[PDB]
Structure formats: structure tokens, C-alpha cells
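What follows is the content of query32.txt, which has compact mmCIF, N, CA and C atoms:
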# COMPACT_ATOMS: atom_id res chain seq x y z
N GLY W 1 108.29 41.56 -26.76
CA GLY W 1 106.94 41.81 -27.29
C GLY W 1 106.66 40.97 -28.55
N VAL W 2 107.04 41.50 -29.73
CA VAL W 2 106.88 40.80 -31.03
C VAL W 2 108.34 40.54 -31.56
N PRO W 3 108.92 39.30 -31.52
CA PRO W 3 110.27 39.03 -32.07
C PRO W 3 110.34 39.13 -33.62
N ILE W 4 111.18 40.06 -34.13
CA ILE W 4 111.45 40.20 -35.59
C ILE W 4 112.88 39.64 -35.88
N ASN W 5 113.04 38.97 -37.03
CA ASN W 5 114.33 38.33 -37.43
C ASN W 5 115.29 39.38 -38.08
N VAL W 6 116.11 40.02 -37.22
CA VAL W 6 117.04 41.11 -37.62
C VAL W 6 118.30 40.87 -36.73
N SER W 7 119.45 40.61 -37.38
CA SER W 7 120.71 40.25 -36.68
C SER W 7 121.43 41.50 -36.10
N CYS W 8 121.57 41.53 -34.76
CA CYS W 8 122.13 42.71 -34.04
C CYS W 8 123.61 42.58 -33.59
N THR W 9 124.22 43.76 -33.43
CA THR W 9 125.55 43.95 -32.77
C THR W 9 125.29 44.56 -31.33
N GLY W 10 124.35 45.51 -31.17
CA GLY W 10 123.86 46.00 -29.86
C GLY W 10 122.36 46.38 -29.91
N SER W 11 121.90 47.09 -28.86
CA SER W 11 120.48 47.57 -28.76
C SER W 11 120.06 48.68 -29.80
N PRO W 12 120.83 49.76 -30.16
CA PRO W 12 120.44 50.73 -31.23
C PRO W 12 120.08 50.23 -32.66
N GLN W 13 120.55 49.03 -33.07
CA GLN W 13 120.21 48.40 -34.39
C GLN W 13 118.69 48.17 -34.66
N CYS W 14 117.92 47.70 -33.67
CA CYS W 14 116.47 47.41 -33.82
C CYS W 14 115.48 48.62 -33.82
N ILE W 15 115.90 49.86 -33.49
CA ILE W 15 115.01 51.07 -33.41
C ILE W 15 114.29 51.38 -34.76
N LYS W 16 115.02 51.55 -35.88
CA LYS W 16 114.42 51.78 -37.22
C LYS W 16 113.66 50.53 -37.78
N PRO W 17 114.16 49.26 -37.87
CA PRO W 17 113.34 48.06 -38.23
C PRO W 17 111.98 47.84 -37.48
N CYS W 18 111.95 48.04 -36.14
CA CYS W 18 110.69 48.07 -35.35
C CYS W 18 109.70 49.21 -35.77
N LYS W 19 110.16 50.47 -35.84
CA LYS W 19 109.36 51.64 -36.31
C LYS W 19 108.78 51.50 -37.76
N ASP W 20 109.61 51.12 -38.75
CA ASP W 20 109.17 50.84 -40.15
C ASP W 20 108.15 49.67 -40.31
N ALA W 21 108.27 48.56 -39.54
CA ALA W 21 107.25 47.48 -39.49
C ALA W 21 105.87 47.93 -38.91
N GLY W 22 105.86 48.53 -37.71
CA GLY W 22 104.64 49.07 -37.06
C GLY W 22 104.66 48.94 -35.52
N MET W 23 105.73 49.44 -34.87
CA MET W 23 105.96 49.29 -33.41
C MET W 23 106.59 50.60 -32.83
N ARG W 24 106.58 50.70 -31.49
CA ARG W 24 107.12 51.88 -30.75
C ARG W 24 108.67 51.81 -30.58
N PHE W 25 109.20 50.79 -29.87
CA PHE W 25 110.63 50.71 -29.48
C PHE W 25 111.29 49.44 -30.08
N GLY W 26 112.63 49.42 -30.06
CA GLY W 26 113.43 48.27 -30.52
C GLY W 26 114.56 47.95 -29.53
N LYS W 27 114.28 47.01 -28.61
CA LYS W 27 115.27 46.53 -27.61
C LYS W 27 115.81 45.16 -28.12
N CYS W 28 117.13 45.08 -28.37
CA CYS W 28 117.74 43.86 -28.95
C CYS W 28 118.42 42.98 -27.88
N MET W 29 118.04 41.69 -27.87
CA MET W 29 118.74 40.64 -27.09
C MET W 29 119.99 40.14 -27.91
N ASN W 30 120.69 39.08 -27.44
CA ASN W 30 121.97 38.61 -28.03
C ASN W 30 121.80 38.13 -29.50
N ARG W 31 122.20 39.02 -30.43
CA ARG W 31 122.03 38.86 -31.91
C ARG W 31 120.57 38.85 -32.48
N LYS W 32 119.48 39.11 -31.71
CA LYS W 32 118.08 39.01 -32.24
C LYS W 32 117.19 40.15 -31.68
N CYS W 33 116.52 40.88 -32.58
CA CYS W 33 115.61 42.01 -32.23
C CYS W 33 114.29 41.59 -31.53
N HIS W 34 113.85 42.42 -30.55
CA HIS W 34 112.53 42.25 -29.88
C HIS W 34 111.86 43.64 -29.83
N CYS W 35 110.79 43.82 -30.63
CA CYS W 35 110.03 45.10 -30.70
C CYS W 35 108.96 45.22 -29.59
N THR W 36 108.61 46.47 -29.23
CA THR W 36 107.52 46.78 -28.26
C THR W 36 106.27 47.21 -29.11
N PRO W 37 105.18 46.41 -29.29
CA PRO W 37 104.07 46.74 -30.24
C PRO W 37 103.23 48.01 -29.89
N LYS W 38 102.78 48.69 -30.96
CA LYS W 38 102.04 49.97 -30.86
C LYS W 38 100.53 49.70 -30.70
Taking this structure as input, can you express it in the form of C-alpha cells?
Amino acid sequence: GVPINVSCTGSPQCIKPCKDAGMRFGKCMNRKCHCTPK
């Protein structure tokens, strides 16, 4: 959806950074967060 620059180890890392910016979910690809916009 909207790519945010947040370095991941797995998918649970992006849930709080996506919510605090202004989005619903945080699904992380290989080392990089991808938020689902609200």
C-alpha cells in the first residue's frame, strides 16, 4: 500500500509504526515495512 522506511526482522514489527503514522495494518516484506492505508 504505502511503503514506510522501517527495518524488519519479521511481519509483527510494522503493526505499531503503521498505526502511529495513520494506517490500518503493517505487513512487512524482506527487511522493509508496507502499510495498508486507512
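Within chain W, the backbone-based DSSP assignment of alpha helix (DSSP H) covers residues 15, 16, 17, 18, 19, 20 and 21 of chain W.
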Quick one: pull the distance between atom C of residue 21 (chain W) and CA of residue 33 (chain W), Å, one decimal. 13.2 Å
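For the pair CA of residue 23 (chain W) and CA of residue 9 (chain W), the interatomic distance is 20.3 Å.
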Within 8 Å of residue 5 (chain W), counting all atoms listed in the file, which residues show up once you throw out same-chain ones fewer than 4 positions away? Write them as a VMD selection string, please. chain W and resid 31 to 34
Writing out the chosen residues with N, CA and C atoms as a tab-separated table (two decimals), in the coordinates of the input:
chain	number	residue	atom	x	y	z
W	31	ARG	N	122.20	39.02	-30.43
W	31	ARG	CA	122.03	38.86	-31.91
W	31	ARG	C	120.57	38.85	-32.48
W	32	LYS	N	119.48	39.11	-31.71
W	32	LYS	CA	118.08	39.01	-32.24
W	32	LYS	C	117.19	40.15	-31.68
W	33	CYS	N	116.52	40.88	-32.58
W	33	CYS	CA	115.61	42.01	-32.23
W	33	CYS	C	114.29	41.59	-31.53
W	34	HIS	N	113.85	42.42	-30.55
W	34	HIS	CA	112.53	42.25	-29.88
W	34	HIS	C	111.86	43.64	-29.83
Could you jot down the CA of residue 30 (chain W) to CA of residue 16 (chain W) separation for me, Å, one decimal place? 17.7 Å
Shell around residue 27 (chain W) at 8 Å using only N, CA and C atoms, local window under 4 positions removed, as a PDB file with N, CA and C atoms, in the frame of the given file:
ATOM      1  N   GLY W  10     124.350  45.510 -31.170  1.00  0.00           N
ATOM      2  CA  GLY W  10     123.860  46.000 -29.860  1.00  0.00           C
ATOM      3  C   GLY W  10     122.360  46.380 -29.910  1.00  0.00           C
ATOM      4  N   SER W  11     121.900  47.090 -28.860  1.00  0.00           N
ATOM      5  CA  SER W  11     120.480  47.570 -28.760  1.00  0.00           C
ATOM      6  C   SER W  11     120.060  48.680 -29.800  1.00  0.00           C
ATOM      7  N   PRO W  12     120.830  49.760 -30.160  1.00  0.00           N
ATOM      8  CA  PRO W  12     120.440  50.730 -31.230  1.00  0.00           C
ATOM      9  C   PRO W  12     120.080  50.230 -32.660  1.00  0.00           C
ATOM     10  N   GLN W  13     120.550  49.030 -33.070  1.00  0.00           N
ATOM     11  CA  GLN W  13     120.210  48.400 -34.390  1.00  0.00           C
ATOM     12  C   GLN W  13     118.690  48.170 -34.660  1.00  0.00           C
ATOM     13  N   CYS W  14     117.920  47.700 -33.670  1.00  0.00           N
ATOM     14  CA  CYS W  14     116.470  47.410 -33.820  1.00  0.00           C
ATOM     15  C   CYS W  14     115.480  48.620 -33.820  1.00  0.00           C
ATOM     16  N   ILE W  15     115.900  49.860 -33.490  1.00  0.00           N
ATOM     17  CA  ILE W  15     115.010  51.070 -33.410  1.00  0.00           C
ATOM     18  C   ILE W  15     114.290  51.380 -34.760  1.00  0.00           C
ATOM     19  N   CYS W  18     111.950  48.040 -36.140  1.00  0.00           N
ATOM     20  CA  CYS W  18     110.690  48.070 -35.350  1.00  0.00           C
ATOM     21  C   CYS W  18     109.700  49.210 -35.770  1.00  0.00           C
ATOM     22  N   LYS W  32     119.480  39.110 -31.710  1.00  0.00           N
ATOM     23  CA  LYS W  32     118.080  39.010 -32.240  1.00  0.00           C
ATOM     24  C   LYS W  32     117.190  40.150 -31.680  1.00  0.00           C
ATOM     25  N   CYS W  33     116.520  40.880 -32.580  1.00  0.00           N
ATOM     26  CA  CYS W  33     115.610  42.010 -32.230  1.00  0.00           C
ATOM     27  C   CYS W  33     114.290  41.590 -31.530  1.00  0.00           C
ATOM     28  N   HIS W  34     113.850  42.420 -30.550  1.00  0.00           N
ATOM     29  CA  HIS W  34     112.530  42.250 -29.880  1.00  0.00           C
ATOM     30  C   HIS W  34     111.860  43.640 -29.830  1.00  0.00           C
ATOM     31  N   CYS W  35     110.790  43.820 -30.630  1.00  0.00           N
ATOM     32  CA  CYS W  35     110.030  45.100 -30.700  1.00  0.00           C
ATOM     33  C   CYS W  35     108.960  45.220 -29.590  1.00  0.00           C
ATOM     34  N   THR W  36     108.610  46.470 -29.230  1.00  0.00           N
ATOM     35  CA  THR W  36     107.520  46.780 -28.260  1.00  0.00           C
ATOM     36  C   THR W  36     106.270  47.210 -29.110  1.00  0.00           C
TER      37      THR W  36
END
Fix up region 6-31 of chain W with N, CA, C and O atoms, then write it as an mmCIF file, keeping the file's coordinate frame.
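Resulting contents of result02.cif:
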data_model
loop_
_atom_site.group_PDB
_atom_site.id
_atom_site.type_symbol
_atom_site.label_atom_id
_atom_site.label_comp_id
_atom_site.auth_asym_id
_atom_site.auth_seq_id
_atom_site.Cartn_x
_atom_site.Cartn_y
_atom_site.Cartn_z
ATOM 1 N N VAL W 6 116.110 40.020 -37.220
ATOM 2 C CA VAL W 6 117.040 41.110 -37.620
ATOM 3 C C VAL W 6 118.300 40.870 -36.730
ATOM 4 O O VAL W 6 118.240 40.950 -35.498
ATOM 5 N N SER W 7 119.450 40.610 -37.380
ATOM 6 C CA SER W 7 120.710 40.250 -36.680
ATOM 7 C C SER W 7 121.430 41.500 -36.100
ATOM 8 O O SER W 7 121.832 42.409 -36.838
ATOM 9 N N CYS W 8 121.570 41.530 -34.760
ATOM 10 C CA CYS W 8 122.130 42.710 -34.040
ATOM 11 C C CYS W 8 123.610 42.580 -33.590
ATOM 12 O O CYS W 8 124.150 41.490 -33.353
ATOM 13 N N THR W 9 124.220 43.760 -33.430
ATOM 14 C CA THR W 9 125.550 43.950 -32.770
ATOM 15 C C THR W 9 125.290 44.560 -31.330
ATOM 16 O O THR W 9 125.953 44.124 -30.383
ATOM 17 N N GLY W 10 124.350 45.510 -31.170
ATOM 18 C CA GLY W 10 123.860 46.000 -29.860
ATOM 19 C C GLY W 10 122.360 46.380 -29.910
ATOM 20 O O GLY W 10 121.626 46.058 -30.856
ATOM 21 N N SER W 11 121.900 47.090 -28.860
ATOM 22 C CA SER W 11 120.480 47.570 -28.760
ATOM 23 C C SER W 11 120.060 48.680 -29.800
ATOM 24 O O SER W 11 118.953 48.521 -30.317
ATOM 25 N N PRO W 12 120.830 49.760 -30.160
ATOM 26 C CA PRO W 12 120.440 50.730 -31.230
ATOM 27 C C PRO W 12 120.080 50.230 -32.660
ATOM 28 O O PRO W 12 119.372 50.939 -33.384
ATOM 29 N N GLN W 13 120.550 49.030 -33.070
ATOM 30 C CA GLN W 13 120.210 48.400 -34.390
ATOM 31 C C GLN W 13 118.690 48.170 -34.660
ATOM 32 O O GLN W 13 118.246 48.416 -35.788
ATOM 33 N N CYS W 14 117.920 47.700 -33.670
ATOM 34 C CA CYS W 14 116.470 47.410 -33.820
ATOM 35 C C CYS W 14 115.480 48.620 -33.820
ATOM 36 O O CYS W 14 114.312 48.404 -34.152
ATOM 37 N N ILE W 15 115.900 49.860 -33.490
ATOM 38 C CA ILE W 15 115.010 51.070 -33.410
ATOM 39 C C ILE W 15 114.290 51.380 -34.760
ATOM 40 O O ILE W 15 113.054 51.456 -34.762
ATOM 41 N N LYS W 16 115.020 51.550 -35.880
ATOM 42 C CA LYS W 16 114.420 51.780 -37.220
ATOM 43 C C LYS W 16 113.660 50.530 -37.780
ATOM 44 O O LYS W 16 112.495 50.749 -38.128
ATOM 45 N N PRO W 17 114.160 49.260 -37.870
ATOM 46 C CA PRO W 17 113.340 48.060 -38.230
ATOM 47 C C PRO W 17 111.980 47.840 -37.480
ATOM 48 O O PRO W 17 110.978 47.542 -38.134
ATOM 49 N N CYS W 18 111.950 48.040 -36.140
ATOM 50 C CA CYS W 18 110.690 48.070 -35.350
ATOM 51 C C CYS W 18 109.700 49.210 -35.770
ATOM 52 O O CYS W 18 108.537 48.907 -36.057
ATOM 53 N N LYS W 19 110.160 50.470 -35.840
ATOM 54 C CA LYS W 19 109.360 51.640 -36.310
ATOM 55 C C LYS W 19 108.780 51.500 -37.760
ATOM 56 O O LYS W 19 107.579 51.724 -37.952
ATOM 57 N N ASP W 20 109.610 51.120 -38.750
ATOM 58 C CA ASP W 20 109.170 50.840 -40.150
ATOM 59 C C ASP W 20 108.150 49.670 -40.310
ATOM 60 O O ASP W 20 107.240 49.788 -41.138
ATOM 61 N N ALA W 21 108.270 48.560 -39.540
ATOM 62 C CA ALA W 21 107.250 47.480 -39.490
ATOM 63 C C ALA W 21 105.870 47.930 -38.910
ATOM 64 O O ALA W 21 104.840 47.732 -39.564
ATOM 65 N N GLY W 22 105.860 48.530 -37.710
ATOM 66 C CA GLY W 22 104.640 49.070 -37.060
ATOM 67 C C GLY W 22 104.660 48.940 -35.520
ATOM 68 O O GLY W 22 103.716 48.402 -34.937
ATOM 69 N N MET W 23 105.730 49.440 -34.870
ATOM 70 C CA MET W 23 105.960 49.290 -33.410
ATOM 71 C C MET W 23 106.590 50.600 -32.830
ATOM 72 O O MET W 23 107.062 51.492 -33.546
ATOM 73 N N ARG W 24 106.580 50.700 -31.490
ATOM 74 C CA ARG W 24 107.120 51.880 -30.750
ATOM 75 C C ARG W 24 108.670 51.810 -30.580
ATOM 76 O O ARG W 24 109.364 52.696 -31.091
ATOM 77 N N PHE W 25 109.200 50.790 -29.870
ATOM 78 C CA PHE W 25 110.630 50.710 -29.480
ATOM 79 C C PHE W 25 111.290 49.440 -30.080
ATOM 80 O O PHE W 25 110.621 48.504 -30.539
ATOM 81 N N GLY W 26 112.630 49.420 -30.060
ATOM 82 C CA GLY W 26 113.430 48.270 -30.520
ATOM 83 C C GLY W 26 114.560 47.950 -29.530
ATOM 84 O O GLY W 26 115.644 48.531 -29.611
ATOM 85 N N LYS W 27 114.280 47.010 -28.610
ATOM 86 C CA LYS W 27 115.270 46.530 -27.610
ATOM 87 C C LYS W 27 115.810 45.160 -28.120
ATOM 88 O O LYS W 27 115.040 44.207 -28.280
ATOM 89 N N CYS W 28 117.130 45.080 -28.370
ATOM 90 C CA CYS W 28 117.740 43.860 -28.950
ATOM 91 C C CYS W 28 118.420 42.980 -27.880
ATOM 92 O O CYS W 28 119.283 43.438 -27.122
ATOM 93 N N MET W 29 118.040 41.690 -27.870
ATOM 94 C CA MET W 29 118.740 40.640 -27.090
ATOM 95 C C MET W 29 119.990 40.140 -27.910
ATOM 96 O O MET W 29 120.337 40.712 -28.953
ATOM 97 N N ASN W 30 120.690 39.080 -27.440
ATOM 98 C CA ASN W 30 121.970 38.610 -28.030
ATOM 99 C C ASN W 30 121.800 38.130 -29.500
ATOM 100 O O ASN W 30 121.295 37.034 -29.766
ATOM 101 N N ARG W 31 122.200 39.020 -30.430
ATOM 102 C CA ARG W 31 122.030 38.860 -31.910
ATOM 103 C C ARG W 31 120.570 38.850 -32.480
ATOM 104 O O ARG W 31 120.441 38.620 -33.687
#
